[PDB]
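**Q** What follows is a single structure, and I will ask about it in a moment.
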Amino acid sequence: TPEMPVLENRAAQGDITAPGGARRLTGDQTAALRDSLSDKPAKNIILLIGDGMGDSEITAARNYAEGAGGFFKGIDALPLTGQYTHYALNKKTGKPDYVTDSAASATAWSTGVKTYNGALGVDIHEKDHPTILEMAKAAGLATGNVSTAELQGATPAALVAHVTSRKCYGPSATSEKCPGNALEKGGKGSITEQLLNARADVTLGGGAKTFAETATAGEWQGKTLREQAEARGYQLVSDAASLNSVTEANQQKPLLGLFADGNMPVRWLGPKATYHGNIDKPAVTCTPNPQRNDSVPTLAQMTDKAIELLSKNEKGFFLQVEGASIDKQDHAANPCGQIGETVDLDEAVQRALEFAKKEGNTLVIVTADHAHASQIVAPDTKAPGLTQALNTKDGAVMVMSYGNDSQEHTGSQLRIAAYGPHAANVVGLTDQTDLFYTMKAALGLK
Amino acid sequence: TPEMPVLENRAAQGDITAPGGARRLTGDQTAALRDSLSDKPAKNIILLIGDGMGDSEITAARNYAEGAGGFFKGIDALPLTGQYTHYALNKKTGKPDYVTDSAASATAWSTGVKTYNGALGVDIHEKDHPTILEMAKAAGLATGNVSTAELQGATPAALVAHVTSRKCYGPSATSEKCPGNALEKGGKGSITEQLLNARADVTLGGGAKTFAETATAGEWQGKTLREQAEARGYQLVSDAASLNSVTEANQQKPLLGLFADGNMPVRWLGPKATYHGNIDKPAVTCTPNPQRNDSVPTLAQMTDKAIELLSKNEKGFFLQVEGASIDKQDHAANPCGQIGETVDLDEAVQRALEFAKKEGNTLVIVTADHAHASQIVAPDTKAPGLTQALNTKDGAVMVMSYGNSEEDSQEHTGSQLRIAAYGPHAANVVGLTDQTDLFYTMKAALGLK
Ligand SMILES: [Mg+2]
Ligand SMILES: [Mg+2]
Ligand SMILES: [Zn+2]
Ligand SMILES: [Zn+2]
Ligand SMILES: [Zn+2]
Ligand SMILES: [Zn+2]
Numbered sequence: 001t002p003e004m005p006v007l008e009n010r011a012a013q014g015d016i017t018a019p020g021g022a023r024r025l026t027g028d029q030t031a032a033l034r035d036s037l038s039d040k041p042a043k044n045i046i047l048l049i050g051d052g053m054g055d056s057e058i059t060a061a062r063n064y065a066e067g068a069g070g071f072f073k074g075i076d077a078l079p080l081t082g083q084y085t086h087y088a089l090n091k092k093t094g095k096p097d098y099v100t101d102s103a104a105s106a107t108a109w110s111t112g113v114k115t116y117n118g119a120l121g122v123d124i125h126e127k128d129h130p131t132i133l134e135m136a137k138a139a140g141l142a143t144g145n146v147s148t149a150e151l152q153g154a155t156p157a158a159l160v161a162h163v164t165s166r167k168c169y170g171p172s173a174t175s176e177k178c179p180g181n182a183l184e185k186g187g188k189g190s191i192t193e194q195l196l197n198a199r200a201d202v203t204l205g206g207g208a209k210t211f212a213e214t215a216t217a218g219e220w221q222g223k224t225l226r227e228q229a230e231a232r233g234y235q236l237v238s239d240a241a242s243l244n245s246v247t248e249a250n251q252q253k254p255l256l257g258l259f260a261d262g263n264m265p266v267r268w269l270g271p272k273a274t275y276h277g278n279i280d281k282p283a284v285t286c287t288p289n290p291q292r293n294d295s296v297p298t299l300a301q302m303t304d305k306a307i308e309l310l311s312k313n314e315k316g317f318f319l320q321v322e323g324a325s326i327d328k329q330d331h332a333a334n335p336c337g338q339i340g341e342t343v344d345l346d347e348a349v350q351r352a353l354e355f356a357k358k359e360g361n362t363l364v365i366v367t368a369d370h371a372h373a374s375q376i377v378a379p380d381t382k383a384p385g386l387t388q389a390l391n392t393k394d395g396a397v398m399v400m401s402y403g404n408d409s410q411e412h413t414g415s416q417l418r419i420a421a422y423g424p425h426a427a428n429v430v431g432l433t434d435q436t437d438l439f440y441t442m443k444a445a446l447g448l449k
Numbered sequence: 001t002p003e004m005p006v007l008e009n010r011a012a013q014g015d016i017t018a019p020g021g022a023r024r025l026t027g028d029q030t031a032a033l034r035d036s037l038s039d040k041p042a043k044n045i046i047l048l049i050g051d052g053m054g055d056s057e058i059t060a061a062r063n064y065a066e067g068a069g070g071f072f073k074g075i076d077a078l079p080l081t082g083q084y085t086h087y088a089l090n091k092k093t094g095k096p097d098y099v100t101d102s103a104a105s106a107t108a109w110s111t112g113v114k115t116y117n118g119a120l121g122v123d124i125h126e127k128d129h130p131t132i133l134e135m136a137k138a139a140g141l142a143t144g145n146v147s148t149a150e151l152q153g154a155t156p157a158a159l160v161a162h163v164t165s166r167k168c169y170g171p172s173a174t175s176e177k178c179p180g181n182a183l184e185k186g187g188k189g190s191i192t193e194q195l196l197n198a199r200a201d202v203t204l205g206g207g208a209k210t211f212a213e214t215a216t217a218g219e220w221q222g223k224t225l226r227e228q229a230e231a232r233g234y235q236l237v238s239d240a241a242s243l244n245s246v247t248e249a250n251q252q253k254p255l256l257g258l259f260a261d262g263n264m265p266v267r268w269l270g271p272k273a274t275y276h277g278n279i280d281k282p283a284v285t286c287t288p289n290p291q292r293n294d295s296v297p298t299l300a301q302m303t304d305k306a307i308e309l310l311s312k313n314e315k316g317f318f319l320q321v322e323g324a325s326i327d328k329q330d331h332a333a334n335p336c337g338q339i340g341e342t343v344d345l346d347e348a349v350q351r352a353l354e355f356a357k358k359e360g361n362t363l364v365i366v367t368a369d370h371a372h373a374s375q376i377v378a379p380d381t382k383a384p385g386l387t388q389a390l391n392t393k394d395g396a397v398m399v400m401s402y403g404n405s406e407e408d409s410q411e412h413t414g415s416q417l418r419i420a421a422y423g424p425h426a427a428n429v430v431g432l433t434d435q436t437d438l439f440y441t442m443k444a445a446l447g448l449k
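Protein chains in written order, with the authors' numbering: chain A, 1 to 404, 408 to 449; chain B, 1 to 449.
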C-alpha cells in the first residue's frame, strides 16, 4: 500500500488567539517525509512556473485569499521544499548578474546553462543548447507547453526557441533584432517560427497576434504563420468549447491553442497601487474580471486537458504550465491582478497534484523564475513607492508596496517545492540550472 | 549506523559559464535525505536566530561574501529546509497583523502562542505563558541565552521575561510603561529584573546599561541590578579573557557576561545607503571595524563558550544564539553592517553544526524572526529609496535597495521565510509551518513535559 502523501492540510489547526491554535502541524512529520522519498524513475513530469512568485508573492496571496492562517491546497501541499538561486551572467565578462530577467532564468532550467539576460536558449557565446522539451521529445515522450501569456513570452518560448533576444517574436522583430536568426539570413527563424518547428504535441496559450505575420523566406514564404501551422497539420482551437472537443493530440495532429491576441485575460480586477495609497484611499476588495469568460479556458482547464491528451503516450510526457500575469501585474503594481493569478495557478497545481497522486509516477514541481518587488508592510507605512491596502479574507487590512514605468525583479533566492520521485533533489540550497539535471535524471534521458 | 550528514558542499561545481557549471548538486539527494530523518529524542537544541534574516538578506550576504555560486559553510549547510509564516495578532480585534515586530515573533516561538506587537511572554489578554527556556530549565536541562544585541532586546528577553511591552527594560521604564508588571505594584518585574530571576546557567550579550538601574522594591531595593546579580550568585564577566577563564556555569554559579552598555560592535563598517546612491556614488567595499577589539568575544566565540559549559550538564541543554545587528543595520539601511552580521552569524552556525555533527543527538535550527526590507536589484536601477552598489567577491557589482519607508528606519516585512534544521526531528521544519510550530517541535523534541 505505498502511496506518497501530499500535505492534506497545513492551515492554522485552530484558534489563532489560543495556545497552539496557530499550529499547522498536528504531529511528527518524520514518517510522512520518509514516505515522500523515492528514487524510482519518473514516468511524467509536470512543472508549474509562477512568473515572479517569490515567497513574498505567495504569502501575499495566501493572506488575502485564504487568510493568514489559510492553506493553498495546491501551492502549499507539496511535501519537499527548498531554496534555489537564479542569477544571470554578464554576457561580456561572464560574471554573475545578480538579478535575472525571465528569459535568462527560463534558459537555466530548461537547458542547464547560465546565460545573459534576454537570451533564449543560447549561452553567452550565442551557442544553441537543446532544451528539456526538445530532449524529452527526442526520447519519444509527449511534450506540452501551456501558459496564460503569449506563447512568445520568455517562459514558454524558452523550451522551443534559440534566439539571441527575447524580443524576436516573429519575422518582423527577428529581421531587425536577431538578424543572425532571421530566416531570410540563413537562421533558424523567429520564436514563433521555431515554435512551429519544435512541434510539441500540445501548446496552449495566447499571443495569436504574431501568428498573423507571414514568413519572409522558406517553404511557407508569403503564408501567415497561422496558415503555416495548418499546412503543417496542426489542430488550431481558439476557445474552451473546441479545446474540449479535441480527442487526441500527437505528432501527426499536434494541437495549438491560441486563446487570445496577447495575454489571456486576468482573473481579478482592481485599482493600481498608488503613492501613499494605503492612506489616501480605502481598502480595496478585488472583484472577478468580467472578461475572464465562459469561453476562455482557465489555467486549470488547460492543465487538465493537456494532462488528458498527453497521458495517451505510453512512454510518458513532459509538461510546463505558466501562471503568467503574476509577473505582469507585479510589474504593473496591481495587487488584485497579481493575487488573482496566484490563486489561478493554485487551481492548476491542484489538478496536476490530483493526477500525480493517483498515477504515482509523476514529478510535480512548483516554483518561480525570479523574485519580484511586492512587499507586505505595516498598515501605517509611509513608503516612497506605490502602496495599496486590501481587505483580506480575515476581515483585516493588508498593505502592499512596490518601491524598486514598471516594478522590477529582485535577485533573492526563492522557494521551490516538489512531490514525487526525485523530488528529494529540491530540498536545501540548489541552483536553477540544477532543475534541468534533476528532470533529465528523473525522466531517464541520455 | 549512518548518523545524519550536513550538506558538505552546495557551491557551484565549476565554470559557471559552461553547461552544468553553476550546478550545486553532484548527484541524487534521495538517499542523503533518507539518512537525515530521525524521530529519536533530541538531547540538546541550539537555535540560531538571525534578526531580519529572510531569503533576501541571506542572498545578499552570500553574493557579497562568497559570490553568487558561493556557499555558506554554516547557514547553507543544513539539509532539511522549509518556509514558515510569522504573522502577529491585532490586540483589540484578535485578527491577524500580517507584519510582526521582533517582540511578538520571539514570543511566538518561545511560548507557542500568538500575541500582539510589543508584548513579551504574554498573549493578547496579557496572560503569561511559560517559555521554552523556563520549561527546559524546569526539566533539569541546562540552558543558555546568547545575543549580540542588548540583553533586554525582544529576542533574548522573550525567553525570560513576561511584560506587556518590550520598552520595559528596567525599573524606571517599567513603572511608567508596564505598571501591572512594576515590582512596586506587585508586578513580576522589569525585563532585566525577570532576567535575573530566570537564572539561566549561561547568559551572554550586551546591555549592561540597564543593569546600572536600581531596584525600587523587593528584597534588593536601593541596590543596583548589577549589585543584585552578584549578591544573588551570578558571576559577572565583561570581556573575552575573563569569559575564557570561566570554568563553571550552573544553577549556583550562573554566568552573566555583559560586554557592552548597549549592543556590541558591528563586524563590518561601510557608508549609509543614499538616494540614487548606486548611480551617483562608487561601489562600496566593506571595511572591517577597527574597534571590535580582541577584548570583545565574537558571536562564534560566545557560542562555543556557551556550548563548552552547557554540555557539562548530563541532562542536556537548550541554547538560543542571536545574530542581532543584521536587523538593526537592515533598519539602518547600512548594507555592509547587515552583511557583516550575517557573516558573523554563519561562523556561529558552523560552530554549532560542528558540535551537533559530533554529538549526534543535537537539533540545530537556523531561522529568522521576520523578513526585512532590503532587496537585491538590477545595477542600473533608479528606485525611490536608498540604494547602494557594492563590490562582491565575484568582482561584479550588486545593488541593494531600501524603499519601504520615508521615515527614520527601514521597516519589517511579512513574507514567509526560510527555516533550516539538522538533527533528530528536523523533518518538522520542511514544508509550510507557522512560527509557533517551532515551539512545539522543540518542546516535543526535547521531551519536555
Ligand atoms: Mg514568463
Ligand atoms: Mg532580536
Ligand atoms: Zn519572470
Ligand atoms: Zn518579470
Ligand atoms: Zn527582528
Ligand atoms: Zn527590527
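Backbone N, C-alpha and C define an ideal beta-carbon position, used for all residues, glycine too.
What whole-angstrom Cβ distance do A:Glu193 and A:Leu183 have, given they're in contact under 8 Å?
**A** At roughly 6 Å, the Cβ-Cβ gap stays under 8 Å, so A:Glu193 and A:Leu183 are in contact.
**Q** On the DSSP letters alone, give me the boundaries of the beta strand (DSSP E) that A:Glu322 sits inside.
**A** Note, A:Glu322: beta strand (DSSP E), 317-323.
**Q** Please indicate yes or no: does the CB of A:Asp51 lie closer than 7 Å to some heavy atom of ligand 3?
**A** Result yes, Cβ under 7 Å from ligand 3.
**Q** Quick test of the definition: if touching needs 3 or more C-beta pairs under 8 Å, does the region 406-419 of chain B touch the region 42-50 of chain A?
**A** As far as the Cβ criterion goes, the region 406-419 of chain B does not touch the region 42-50 of chain A, which means the pair count is below three.
**Q** Have a look at A:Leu345 and A:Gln83 and give me their C-alpha separation to the nearest angstrom.
**A** Approximately 20 Å, taken between the alpha carbons.
**Q** Have a look at B:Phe318 and B:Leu133 and give me their C-alpha separation to the nearest angstrom.
**A** For B:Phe318 and B:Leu133, the distance between alpha carbons rounds to 7 Å.
**Q** Any idea what DSSP makes of A:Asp128, helix, strand or coil?
**A** Correct three-state label for A:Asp128: strand.
**Q** Quick one: list the residues of chain A neighbouring B:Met398, beta-carbon separation under 7 Å, in chain order.
**A** Correct list: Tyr98.
**Q** Opposite B:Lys253 in the DSSP bridges: which residues?
**A** Paired residue(s): B:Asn250.
**Q** Just tell me which of B:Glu322, B:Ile307, B:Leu258, B:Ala65 has its CA closest to the CA of B:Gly316.
**A** Per the Cα distances, B:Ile307.
**Q** Which residues mark the beginning and the end of the alpha helix (DSSP H) in which A:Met302 is found?
**A** It spans 299-310 - the alpha helix (DSSP H) in which A:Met302 sits, taken as one unbroken run.
**Q** Report buried or exposed for A:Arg34, applying the criterion of at least 16 other Cβ atoms within 10 angstroms of its Cβ.
**A** Classification of A:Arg34: exposed, given that the 10 Å Cβ count is below 16.
**Q** Any chance the region 75-94 of chain A sits against the region 430-441 of chain B, with 3 or more Cβ pairs inside 8 Å?
**A** Touching, yes, given that three or more Cβ pairs across the two stretches are closer than 8 Å.
**Q** Per the contact definition of three or more C-beta pairs closer than 8 Å, is the region 234-241 of chain A in contact with the region 286-296 of chain A?
**A** Yes, they touch.
**Q** Look up A:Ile419 in the DSSP assignment and say whether it is helix, strand or coil.
**A** A:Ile419: strand per DSSP, three-state reduction.
**Q** Could you tell me whether the Cβ atoms of B:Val163 and B:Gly121 are closer together than 8 Å?
**A** Yes, they are a contact pair.
**Q** Report yes or no: do the region 66-77 of chain A and the region 377-391 of chain A share at least 3 C-beta pairs separated by less than 8 Å?
**A** Result no; under three Cβ-Cβ pairs closer than 8 Å.
**Q** Can you tell which of B:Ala158, B:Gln228, B:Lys209, B:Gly207 has its C-alpha closest to the C-alpha of B:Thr216?
**A** With distances taken between Cα atoms, B:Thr216 lies closest to B:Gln228.
**Q** Three-state secondary structure (DSSP) at A:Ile75?
**A** The answer is coil: DSSP assigns A:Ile75 none of H, G, I, E or B.
**Q** With a threshold of 8 Å between beta-carbons, can B:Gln29 be considered close to chain A, or not?
**A** With 8 Å as the cut-off, B:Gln29 counts as an interface residue toward chain A.
**Q** Confirm the yes/no value for this check: CB of A:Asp327, any heavy atom of ligand 3, distance under 7 Å.
**A** A:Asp327 Cβ: within cutoff of ligand 3.
**Q** Taking 7 Å as the cut-off, is the beta-carbon of A:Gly153 closer than that to any non-hydrogen atom of ligand 1?
**A** Yes - ligand 1 has a heavy atom lying nearer than 7 Å to the Cβ of A:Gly153.
**Q** Is the shortest distance between the beta-carbon of A:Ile132 and the beta-carbons of chain B less than 8 Å?
**A** Taking Cβ atoms only, chain B never reaches closer than 8 Å to A:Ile132, which makes this a no.
**Q** Where does the unbroken beta strand (DSSP E) through A:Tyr402 begin, and where does it stop?
**A** Looking at the DSSP string, the run of the beta strand (DSSP E) that includes A:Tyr402 is 397-402.
**Q** Output yes if chain A places a C-beta closer than 8 Å to the C-beta of B:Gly50; else output no.
**A** Chain A contact via Cβ: absent.
**Q** Does any residue of chain A have a CB that is nearer than 8 Å to the CB of B:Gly20?
**A** So yes, B:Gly20 belongs to the interface.
**Q** Are the C-beta atoms of A:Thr413 and some chain B residue less than 8 Å apart?
**A** Closer than 8 Å to some Cβ of chain B, the Cβ of A:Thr413 qualifies, so yes.
**Q** With a 10 Å radius around its C-beta and 16 neighbouring C-beta atoms as the bar for buried, classify A:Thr247 as buried or exposed.
**A** It counts as exposed.
**Q** Which residues does DSSP list as the beta-bridge partners of A:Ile339?
**A** In DSSP, A:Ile339 forms no bridge with anything.
**Q** Give a yes or no on whether the C-beta atoms belonging to residue 480 of chain B and B:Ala348 are separated by under 8 Å.
**A** An answer regarding residue 480 of chain B cannot be provided, because it is not within the stretch 1 to 449 covered by chain B.
**Q** Identify each residue in the region 377-404 of chain A for which the Cβ-Cβ distance to at least one residue of chain B is less than 7 Å, and report them in chain order.
**A** Those residues of the region 377-404 of chain A that come within reach of chain B (Cβ to Cβ, closer than 7 Å) are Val377, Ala378, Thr381, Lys382, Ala383, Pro384, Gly385, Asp394, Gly395, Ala396, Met398, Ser401, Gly403, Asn404.
**Q** Assuming A:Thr143 contacts A:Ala154 (C-beta within less than 8 Å), just tell me the rounded distance between them.
**A** That pair is no contact at about 18 Å.
**Q** In three-state terms, what does DSSP make of A:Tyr440?
**A** Note: A:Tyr440 maps to helix in three-state DSSP.
**Q** Given a threshold of 16 other Cβ atoms within 10 Å of its Cβ, counted over all protein chains shown, does B:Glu8 qualify as buried or as exposed?
**A** By the 10 Å Cβ count, B:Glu8 comes out exposed.
**Q** In angstroms, rounded to a whole number, what distance separates the CA positions of A:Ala231 and A:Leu225?
**A** Their backbone Cα atoms lie some 10 Å apart in a straight line.
**Q** Over the uninterrupted alpha helix (DSSP H) stretch that includes B:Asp280, give me the two end residues.
**A** Here the alpha helix (DSSP H) through B:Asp280 covers 277-280.
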